[PDB]
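The structure under discussion appears below in the form of structure tokens.
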Amino acid sequence: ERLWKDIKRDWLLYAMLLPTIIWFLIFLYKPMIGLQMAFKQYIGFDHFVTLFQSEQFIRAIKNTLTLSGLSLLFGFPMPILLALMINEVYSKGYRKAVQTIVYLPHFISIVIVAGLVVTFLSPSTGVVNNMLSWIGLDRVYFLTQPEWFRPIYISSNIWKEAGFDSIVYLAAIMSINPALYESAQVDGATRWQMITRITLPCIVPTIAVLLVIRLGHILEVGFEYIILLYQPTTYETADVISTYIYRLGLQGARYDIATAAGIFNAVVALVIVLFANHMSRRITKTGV
Amino acid sequence: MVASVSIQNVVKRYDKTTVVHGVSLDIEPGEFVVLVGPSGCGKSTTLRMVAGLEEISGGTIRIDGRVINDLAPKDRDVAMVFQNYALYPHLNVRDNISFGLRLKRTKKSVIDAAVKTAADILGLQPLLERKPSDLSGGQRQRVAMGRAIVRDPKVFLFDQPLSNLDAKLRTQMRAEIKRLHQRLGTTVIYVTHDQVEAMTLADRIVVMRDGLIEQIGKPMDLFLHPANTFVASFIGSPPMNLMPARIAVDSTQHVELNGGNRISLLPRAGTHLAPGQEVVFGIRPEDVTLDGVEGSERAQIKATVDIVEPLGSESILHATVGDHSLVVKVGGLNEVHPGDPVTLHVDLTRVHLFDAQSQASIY
Amino acid sequence: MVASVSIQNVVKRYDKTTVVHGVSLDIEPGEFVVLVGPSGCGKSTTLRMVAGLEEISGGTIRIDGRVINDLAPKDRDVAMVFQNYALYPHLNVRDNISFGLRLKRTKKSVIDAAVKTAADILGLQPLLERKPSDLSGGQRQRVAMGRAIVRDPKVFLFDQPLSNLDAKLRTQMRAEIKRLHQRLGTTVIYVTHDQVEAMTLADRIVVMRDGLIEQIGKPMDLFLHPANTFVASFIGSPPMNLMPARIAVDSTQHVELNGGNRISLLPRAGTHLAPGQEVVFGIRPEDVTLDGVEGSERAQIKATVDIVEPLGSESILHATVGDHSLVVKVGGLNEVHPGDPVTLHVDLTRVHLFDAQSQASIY
Amino acid sequence: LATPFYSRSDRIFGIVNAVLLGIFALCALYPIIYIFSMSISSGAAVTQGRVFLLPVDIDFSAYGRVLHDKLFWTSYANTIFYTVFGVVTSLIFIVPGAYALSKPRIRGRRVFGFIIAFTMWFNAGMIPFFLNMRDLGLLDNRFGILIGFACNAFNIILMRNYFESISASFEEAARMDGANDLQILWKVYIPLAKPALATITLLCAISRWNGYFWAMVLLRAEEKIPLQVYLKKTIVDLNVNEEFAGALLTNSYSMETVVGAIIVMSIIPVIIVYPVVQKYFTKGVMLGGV
Amino acid sequence: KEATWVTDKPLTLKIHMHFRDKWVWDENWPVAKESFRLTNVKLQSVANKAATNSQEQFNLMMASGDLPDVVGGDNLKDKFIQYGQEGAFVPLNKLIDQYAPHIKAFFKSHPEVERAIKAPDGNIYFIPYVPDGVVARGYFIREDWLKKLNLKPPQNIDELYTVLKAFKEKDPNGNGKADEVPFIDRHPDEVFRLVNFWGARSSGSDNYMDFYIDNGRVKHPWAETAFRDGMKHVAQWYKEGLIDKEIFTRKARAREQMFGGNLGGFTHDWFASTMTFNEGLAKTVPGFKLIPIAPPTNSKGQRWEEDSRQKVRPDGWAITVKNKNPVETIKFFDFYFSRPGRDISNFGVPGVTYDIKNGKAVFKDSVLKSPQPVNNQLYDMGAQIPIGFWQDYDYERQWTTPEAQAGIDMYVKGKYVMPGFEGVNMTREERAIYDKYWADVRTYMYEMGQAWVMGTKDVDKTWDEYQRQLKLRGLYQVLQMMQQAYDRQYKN
Ligand SMILES: O=C(O)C1=C[C@H](O)[C@H](O)[C@H](O[C@H]2[C@H](O)[C@H](O)[C@H](O[C@H]3[C@H](O)[C@H](O)[C@H](O[C@H]4[C@H](O)[C@H](O)[C@H](O)O[C@@H]4C(=O)O)O[C@@H]3C(=O)O)O[C@@H]2C(=O)O)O1
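Chains as they are written, first to last, in PDB author numbering: chain M, 25 to 66, 78 to 323; chain S, 1 to 363; chain T, 1 to 363; chain N, 2 to 291; chain Q, 1 to 492.
Okay, here's the thing in structure tokens:
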């Protein structure tokens, strides 16, 4: 019928599309078959109760939820704030230097960031404790203290990603036609009046899409940082579902329970991103 | 809210440029004045300088007795309609119009009645609960004008309002603008790249090329008596022909162009042009006809038809005199066809001449 | 080359709904035919179907003896000019023109006489070495037309060729298109959203509204005798005045208007009018005059001046009779004021009548 | 934005804004110049609670320690290899596939678009992915690290979206001139896609360069190990041989100066290529260094 | 050809050796190259040098599915038996009998050594590392810091408390700061050993966190209720700053930092290498004199030294089933029990590290005069590594200083050394509990103890929950299973 006739013309197009599809079927969807298989050994369905009752894992999902909340709350708005602040800057050279400096830490590797953390926070070595000693605040061992883990995390995280994540929002607020601001200026709108009454509600759909995308990975937050800097003493607060899955699955060589936790985390992620997409659809402009 | 506005020697400089140079225009209260010209000049920059959106690098501009140079746009008692869709997408039409008034909040009765009167003027009553996402371009410009009149300023500033619209909507909204000006009667400055809107709307037309103001006057003053060859070229639906020419022979009477064509001139006292003087001769297409002067006494021009463009009840005839070509408006049928010789009859009262070096009238 | 093109019952459907319905047009060799109409329609889809960029869902189309329904675009022997100028920014101008030809051989094709003739027709000696990035819009569309003519096809396909150019440049490129077709004379189909270009360029004009084909004919045939109220409203420099009207006691000798105005009608056999019939009366702005010039007394009408817009030597007068308004072209040189009553004299020969329901031509 | 100046509250607003943003910027810049100075600085000064901002007695020896490390330079070569050929193998799969996904006429446009996009919001997992890497025989293999991730659905839908933003008149004119599929893509669409190409190749570059986890998981042989893994050993683990511990007192550089020197040598190419990239991407007033 | 060749044709083998979270095998090692020249067998290392934890690498290599030829390392004993019974390791018994005269003769002369490494079935899956010597660890203190601060060397826990307190408060060094740290070590576990001052045991043997025998009953030192009394007080020591805060982190760089930076006042560690610093860093630190001291009197009124050098510690290497050459490998292992094997393994390489003088191996002057301890040089040279070699104490006696020897003789004469725990022989069924549970239990104990030392948790408060967690983690199951052996072994 048609499809054959269209394929005769599009053959060199489909030829382009094929290898990508093959790639996705192999390196992505085949692990889903292996996912359905890793469920049972060594039915099945039982070690989900082992996940249900554990004092190690329940605090891992506990701290996963906690870290999700903190990363959301403190981490998500910061790039928007940075974008708004940069947007209000004049003297383009200054704003340029600022943008360079602030966008820079994103290119710094994660293990190098963690290295900066462990170097700075080392007792009687790092500069932080030295500056604390200069003011007479004494000293604190940070990485061995479970209390300080999350603040250090989110701080290093905003230091690294705030600017690069602010880039998108900055591009979004620069895509607005000047007339909206100028007509407000004729009406005598102040700066805050403008960022509140026009800028923000205009940038809302962008931050909404970025928000649901953020909620997609929200369960996996800080996996590669935690896998690095978590001490046996700080294991309690630092441990996250992804970290649990890694430690048991790859290290402890237990595939079954770790993969089960993987199914749990993936399903909860898909559900929360489904509700996120829905609420960002019905309320806001379009979505994903 | 009826006030005069005086612009004296205003100049705006961006990075050692000076886009506009010493522009001076005085505007009477309740007068419709249009800044018109080609793209690139300071027509929009001037209007923006009046608005306060751009800084004045030199010269002074004032409304009534108050100098607004160091003032703020909010306090300048002016309202501006931009060319591109100044209404906010998330807010509704009613919310759009009441935006500027909602900036200072206060009495909801005032922002209510104001928007009622505005929407009554522009017919924005049914559109009050509507949103800008679904609207016409003309309707957007209407609610923008609603933003303008809800301010009740001393001056209405329009920057190319009808540029983004289509021809139909331009011709419609133009009449609606004139009609609107008949109601309020507020002082208004209007900026256009289109000659038509300038001719129709303005009480006075000021043309500006390259930051310089070329001429001022009534539309008919610019149409009948252009200051130079550029103003002559700019105004009218067809462009004025403007082709090179000389005289010699007889001075005060005859003037000859191109391939040996010769035209007799009316005395027009006060001219005293020179014989042999390099001149650019021009005439309007409406003032040239085909064999319809019934054996004219002045022995009019001769040409050879290039192409024929059927319009409607009228038609556009391109006729080539020598190395140059002039355009003449003709009747609807008129066989003609390209390649066959044709005699064109020129109206002696409507002829215009300019000088080749100094581009001014000199006639 | 010179070749005829026949379009027979061509129809394209998108899902359940159908954009074009049974379009049938026969085009003579070397004939200029223009598809004209509103934005949404199947005229562009039709041209695209001729081009081969879109598939034929039904009906057959052929050029000369070759049926192009099942064919490759390369073998379709047609060349197309797009609205986006369709020229590649990275390639050189000469390289742009030579794009399609560079696929077929090299050297002995010679390319020299071809680009020489093409660029000489469009008149660009220096532009041979250039980039589209640094050129203007009109030059881009011109060299695009150069790519079109360097193919030497049987059919020239134009899709809204100058949408984006300015009116000043548009009239020029229009005249250049007319000259080009007068020179070469290959069969060409032309698509426009502008009525003017359709009127000027086309040997035959086909109007298309969203639907099937509305009407065909010469420009003057469409101007003088519109098939319906839409064609009447669409074509002309001003739009045709269309106001509601009825007939009461006498049929062929009377037509009644809103404000208590009554017009005597010429018999014009072939009418078949009805008394009491709801009718929309149309008239051209050029066919309406002021008061008692010639007449007289059986063609007149009474109105109240709304607004007057001087264009130039002429002027546009908006006059309100009943709750509706008609537009009349007047001399620019007379003094007319708003608000005072005025008598308008209508030309009885050029009047049009249409049905309120069927909408077709009655008178 | 506009430039009214004028109003007071807005003036103070702008000033305190510039101040806060300035402070934040300084807080962002501080660690870099710190670790630079400290890396240059002497081990004794660094140990005593000295240094901070500027160096003191410097050293220059710690860089001598890191320059004598074979596995460091080997791993650097590994990161170079993985970045280059990884980015290439990424583009090869992405660009034509996104180009094919861009064109409105495809039978499986819907279902293929789904096949790609679905991998965003749902993933099999860490362990099943590792296992799928195991039975593919890509473990402890450089090619397995390359072809392992050559594709992100994000880059694909981005390249596709930028491809769809290009006017169809070019492709159509190409078809009219006889150009079909591939020859089109190379001759017109690709040089028109330069910004998207730059963005994608950048994202893939920084993805390959700073890649750590799966690199350390899937690789065994030490000669195949990338810089980030070796960094995970030396920089954040800090455990060392008696040889290096005995090399502390015979040298006079500290371990901290060695660390700092390592991370300096690690971030130097980044600092080098960053201004070029940002200069390319900004090209105007701000808009970012994407 | 050589007389020590175990094969005529060259044999290259795949060896995975990752030990003590520090070193991996290197075929380019001088000792390794010498080993190849002598045995005509080249060991090619397949391992990640960039890796950190050795045990993890063992588990990952084992779970990889692809087994190498020879697998070496430390603390692999239990694992060697586990994967030995599962068939991942070939029994060397008949291979030892037929092809390994030296190892067989050794096990004949050392039945007790052979007993410990035997599986439940009795097979030997690995050639063990057999350290030679008498003592292991002893307490060391700064002699100079006892003088300028005017305090007699501590004879007990109170005097030591006041001395360390004087180190922290008063300035023993004189840089004019409080930066000095009273107690250090290169082994974090030693922070627990401090409880010996309060009369509690940190282990039952040289191996940290090991069981022991009290009056015929098998007991774990940490599980006792006398452990928390000491842990409370060492937590107090850590809180006052008497213990290095980084003691769990610093590790191998400790002595070369605290003593090198002159910040340390006290350490345990070992005799020889600790006394090597006195000669080594004397130039950089002018007033540094480190001396051996008898263990301070505890709260029980006794003199306790817990750590004693044990024979056949749980180190060594094994042969997999994929080796395909068990004969040349058991011969290769037999070589390291031979005199030349012991020579190249203990003393490094001849012509470089040592020379042959009068039927013995004597280190070069370059080695003995080096500030870095000899064993630390050998580690980087590929010598004194936890392979199946037999250690020669003379090698240690050479770089042992007269003061160090005086301290050793002092400890031996004083009989401060407590007897070592040999272990027990468990059957196939009862060992599985040990193998499975003891790892997790030990790890948990380590984490909890670390949390207690650093003061992140309260001892007395969390003690009950700690006990219950030990109960549900199967500690006392392993204890009772160990008693199940010991009670059958020793009676009267
Ligand atoms: O320096 C000496 O005086 C000395 C003289 C002798 O000639 C011989 O060289 C002797 O070797 C000692 C060495 O001095 C250290 O004390 C060394 O400490 C080892 C310890 O024995 C274990 O092997 C330990 O294994 C750890 C491992 O690192 C992991 O942490 C694992 O998870 O747990 C075990 C553990 O024991 O808990 O590593 C220590 C280390 O290398 O730092 O022991 C040797 C010796 O031969 O036993 O010293």
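By construction, the Cβ of each residue, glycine as well, lies at the ideal position given by its N, Cα and C atoms.
Per DSSP, the bridge partner or partners of residue i
{"i": "T/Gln-300", "result": "T/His-345"}
{"i": "S/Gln-215", "result": "S/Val-207"}
{"i": "N/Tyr-7", "result": "Beta-bridge pairing links N/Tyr-7 to no other residue."}
{"i": "Q/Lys-94", "result": "In DSSP, Q/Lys-94 forms no bridge with anything."}
{"i": "T/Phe-354", "result": "T/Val-280 and T/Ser-361"}
{"i": "T/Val-10", "result": "T/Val-23"}
{"i": "Q/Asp-355", "result": "Q/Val-362"}
{"i": "T/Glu-256", "result": "T/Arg-246 and T/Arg-262"}
{"i": "Q/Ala-318", "result": "Q/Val-71 and Q/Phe-126"}
Cβ-heavy atom distance, residue i to ligand 1, below 7 Å
{"i": "Q/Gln-477", "result": "no"}
{"i": "Q/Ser-273", "result": "yes"}
{"i": "Q/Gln-57", "result": "no"}
{"i": "Q/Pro-292", "result": "no"}
{"i": "N/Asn-242", "result": "no"}
{"i": "Q/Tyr-208", "result": "yes"}
Continuous alpha helix (DSSP H) stretch holding residue i: start and end
{"i": "Q/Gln-384", "result": "Looking at the DSSP string, Q/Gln-384 is not in any alpha helix (DSSP H), and its letter there is neither H nor E."}
{"i": "Q/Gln-236", "result": "227 to 240"}
{"i": "N/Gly-145", "result": "143 to 147"}
Residue i, enclosing beta strand (DSSP E) - first and last residue
{"i": "Q/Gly-348", "result": "Here Q/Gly-348 belongs to no beta strand (DSSP E), and DSSP marks it neither H nor E."}
{"i": "T/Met-80", "result": "78 to 81"}
{"i": "Q/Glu-430", "result": "Q/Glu-430 -> not in any beta strand (DSSP E); alpha helix (DSSP H) instead, spanning 428 to 453."}
{"i": "S/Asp-159", "result": "155 to 159"}
Which residues, taken in chain order from the segment 191 to 208 of chain N, show a beta carbon closer than 7 Å to some beta carbon of chain M?
Within the segment 191 to 208 of chain N, the qualifying residues are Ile-207.
Check each residue of the segment 155 to 180 of chain N: if its Cβ is closer than 8 Å to any Cβ of chain T, include it; give the result in chain order.
Closer than 8 Å at the C-beta level to chain T, one finds these residues of the segment 155 to 180 of chain N: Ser-168, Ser-170, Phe-171, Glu-173, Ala-174, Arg-176, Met-177, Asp-178, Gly-179 and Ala-180.
If the cut-off is 8 Å on Cβ atoms, which residues from the segment 176 to 201 of chain Q count as contacting chain M, listed in chain order?
So the list reads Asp-179, given in the order they occur along the chain.
For the pair the segment 283 to 297 of chain T and the segment 216 to 225 of chain S, tell me if three or more CB-CB distances fall below 8 Å.
When C-beta atoms of the segment 283 to 297 of chain T are compared with those of the segment 216 to 225 of chain S, fewer than three pairs fall below 8 Å, so the two segments do not count as touching.
Pairs of beta-carbons, one from the segment 371 to 381 of chain Q and one from the segment 277 to 285 of chain Q, closer than 8 Å: are there three or more?
As far as the Cβ criterion goes, the segment 371 to 381 of chain Q touches the segment 277 to 285 of chain Q, which means the pair count is three or higher.
Quick one: which residues of the segment 28 to 52 of chain Q get their C-beta closer than 8 Å to a C-beta of chain N? List them in chain order.
From the segment 28 to 52 of chain Q, only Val-46, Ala-47, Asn-48, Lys-49, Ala-50, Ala-51 and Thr-52 have a Cβ closer than 8 Å to chain N.
According to a CB-to-CB cut-off of less than 8 Å, which residues of the segment 57 to 86 of chain S neighbour chain N?
Per Cβ criterion, the list reads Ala-72 and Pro-73.
Assess contact between the segment 18 to 30 of chain N and the segment 240 to 248 of chain T, defined as three or more Cβ pairs (one per stretch) separated by less than 8 Å. Is contact present?
In short, these stretches do not touch, since the Cβ pair count stays below three.
Per the contact definition of three or more C-beta pairs closer than 8 Å, is the segment 41 to 56 of chain Q in contact with the segment 244 to 262 of chain N?
At 8 Å Cβ cutoff, the stretches do not touch.
At a Cβ cut of 8 Å, what residues of the segment 263 to 281 of chain M count as close to chain Q, listed as they run along the chain?
Of all residues in the segment 263 to 281 of chain M, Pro-267, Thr-268 and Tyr-270 have a Cβ within less than 8 Å of some Cβ in chain Q.
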